[PDB]
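> pasting an experimental structure, sequence included:
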There are 2 protein chains.
Amino acid sequence: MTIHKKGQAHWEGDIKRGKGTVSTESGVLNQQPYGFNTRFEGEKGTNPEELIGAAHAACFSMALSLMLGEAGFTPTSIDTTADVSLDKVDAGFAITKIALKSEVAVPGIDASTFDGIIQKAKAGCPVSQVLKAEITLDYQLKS
Amino acid sequence: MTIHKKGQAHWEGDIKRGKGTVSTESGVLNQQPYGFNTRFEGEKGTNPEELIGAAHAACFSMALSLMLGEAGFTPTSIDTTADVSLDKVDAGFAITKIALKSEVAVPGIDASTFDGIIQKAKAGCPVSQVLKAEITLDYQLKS
């Protein structure tokens, strides 16, 4: 039972002069513009880094819920940010690190066991596993 | 310095019962909903896989434009899709594969040299380099 999900993108002409769009099969991203400027300069807009980050935060959050559930707890709220770094490395760029920042609220859990759980979610979630980048974890745990 | 791009997500409640939302720092994704139903139960909507697929397709298309540039060419059109495999492996799932498909239109390049170029981009773009999954290439080159 292999699951398939698709993303798409379009591009025209030159590297820095060119225009591009990214799409998602669910429609969430119809044909959002993106180009060399939103990736390497600073102009606000999508780029691969940001989508990957969204993907990471999304997968990790689901996973945290999952691991907690197996422990008999139910997150009331889970809020996480995934900051993706695109560093100049050698003759080019590489996505070297992804900083996971998460604020989680869960009824009754002792720090010790919760810490164990988030580590589990952090290292085992599908997206963490497929990424060869350096992944760190920062989190505040309410009550 | 180093380029930083963020992605965000929110999760409330149970794994199977809970709801999630995914965001982007650019805005392109505000608080699109996702869940164990659109991730694992074929229902239409976002999921981590599709976002990774979008990012990869986008990064690779840009890379291809770049390598065509270093060769003295300018793609008039690049249409790529990234099919992401989320496979049930062992005691869970893992993004094991990404099938890249691209329809490219470039003025006057011999099929040989161009072949050497898409291959270059396929393996060299940052996103391909960060992903530890198997990555295949399928393409059609017009003229």
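Received it, and whenever you're ready, just let me know what you need. Numbers count the residues shown, from 1 in each chain, chains lettered A, B, ... in the order given.
> hmm, stretch A:32-42 in reach of chain B?
Yes - on the criterion Cβ under 8 Å from any Cβ of the partner chain, stretch A:32-42 is in touch with chain B at A:32, A:34-36, A:38-40. Every C-beta, even on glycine, is put in place using the N, C-alpha and C of the backbone.
> what sits against the nearest residue to residue A:113 once chain neighbours are set aside?
In space, and not counting its chain neighbours, residue A:113 is closest to residue A:71: 7.0 Å by Cβ to Cβ, 6 or more residues apart in numbering or on different chains. For residue A:71, the contacting residues are A:109, A:113, A:117, by Cβ atoms under 8 Å, 6 or more residues apart in numbering or on different chains.
> most neighbours among those, which one?
Neighbour counts for the contacts of residue A:71 (other Cβ atoms under 10 Å in any protein chain shown) peak at residue A:117, which has 23 neighbours.
> that one touches residue A:67, doesn't it?
Yes - counting by Cβ atoms under 8 Å, residue A:117 touches residue A:67, with 4.8 Å between them.
> mind naming the longest helix for chain A?
helix A:48-71 (DSSP state H).
> give the buried residues for that helix.
Neighbour-count burial for helix A:48-71 flags A:48-69 (criterion: 16 or more other Cβ atoms under 10 Å in any protein chain shown).
> buried ones in the helix or strand that comes right after it?
Later in the chain than helix A:48-71, the nearest helix or strand by DSSP states H and E is strand A:77-89. Neighbour-count burial for strand A:77-89 flags A:78-86 (criterion: 16+ other Cβ under 10 Å).
> leaving out the residues flanking it, which one is nearest to the residue nearest to the spatial centre of chain A?
The centroid of chain A falls nearest to residue A:56 when counting by Cα atoms, centre = their mean (2.2 Å). Closest residue to residue A:56 apart from its sequence neighbours, by Cβ to Cβ, 6+ apart: residue A:82 at 4.1 Å.
> for that neighbour, name its beta-bridge partners.
Note on residue A:82: beta-bridge partners by DSSP bridges are residue A:100, residue B:7.
> hmm, it is touching residue B:7, no?
Yes - under the criterion of Cβ under 8 Å, residue A:82 makes contact with residue B:7 at 4.7 Å.
> common neighbours of the two, please.
Shared contacts of residue A:82 and residue B:7, counting by Cβ under 8 Å, 6+ apart, come down to A:52-54, A:56-57.
> farthest-apart pair in those residues, please.
A:52 and A:57 (9.9 Å; Cβ to Cβ).
> find residues that contact each of the two.
A:82, B:7.
> could you check how far residue A:88 is from residue B:37?
To residue B:37, residue A:88 is 41 Å away according to Cβ to Cβ, to the nearest Å.
> typo on my end, it should be residue A:48
Going from residue A:48 to residue B:37 by Cβ to Cβ gives 27 Å.
> which residues touch the residue lying closest to residue A:83 once chain neighbours are set aside?
Spatially, and ignoring its direct neighbours in sequence, residue A:83 is nearest to residue A:99 (4.3 Å; Cβ to Cβ, 6+ apart). If a contact means Cβ under 8 Å, 6+ apart, then residue A:99 has A:81-83, A:85, A:135-136, A:138 as its contacts.
> circling back to that earlier point, can you list the residues of stretch A:32-42 next to chain B in CSV and add neighbour count and secondary structure?
Listed next are those as CSV, based on neighbours: other Cβ atoms under 10 Å in any protein chain shown; DSSP: H, G, I helix; E, B strand; the rest coil:
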residue, neighbour count, secondary structure
A:32, 23, strand
A:34, 30, strand
A:35, 25, coil
A:36, 19, helix
A:38, 21, helix
A:39, 24, helix
A:40, 16, helix
